[PDB]
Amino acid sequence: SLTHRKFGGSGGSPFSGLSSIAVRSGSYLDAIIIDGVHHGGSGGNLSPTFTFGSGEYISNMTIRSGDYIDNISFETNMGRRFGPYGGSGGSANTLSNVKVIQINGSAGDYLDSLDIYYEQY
């Protein structure tokens, strides 16, 4: 189970460890690039990079998947969008009214899977 703990005082401006996302994609997601770190293979084409502002987070997301991640799109709490990138294989699954905290996953030559850590509202 996901939990959290706060340490420290009340000062300063908020930040998140999740800074940016890009992907390489063709018919599948070949790779996801998190904070500049490449996870996956060398196929497909490189998307533009989406950089989160302060206070910004993924609030809704659609992931198409089967054996691999086929496609990703998301929208933030500030009305910004990323994607869709990828193909039309697999089946869709959507998250709505969330706050994504972290993106982990598994990868080889492709992005096999995403493990999304989030608050569900």
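Take the two forms, superpose them, and find the largest set of C-alpha atoms that agree within 1.5 Å; that set is the rigid core. So that there is no doubt, residue numbering starts at 1 and follows the sequence shown.
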Checklist entry - What stretch shows more C-alpha movement in 5 other deposited structures of this protein relative to this form, 97-105 or 16-24, after the core is superposed? => result 16-24
Checklist outcome for this item: Note: with structures superposed on the core, the stretch whose C-alphas sit farther off in 5 other deposited structures of this protein, 4-12 or 110-118, is 4-12
Checklist outcome for this item: Ranked by mean Cα B-factor in the entry, 72-80 and 36-44, top stretch is 36-44
Item to check | Which of 25-33 and 48-56 has higher mean CA B factor, as the PDB entry lists it | outcome: 48-56
Item to check | residue 103 CA temperature factor, ranked by third within the chain | outcome: lowest
Checklist entry - Relative to the other modelled residues in the chain, which third contains the C-alpha temperature factor of residue 61: lowest, middle or highest? => result middle
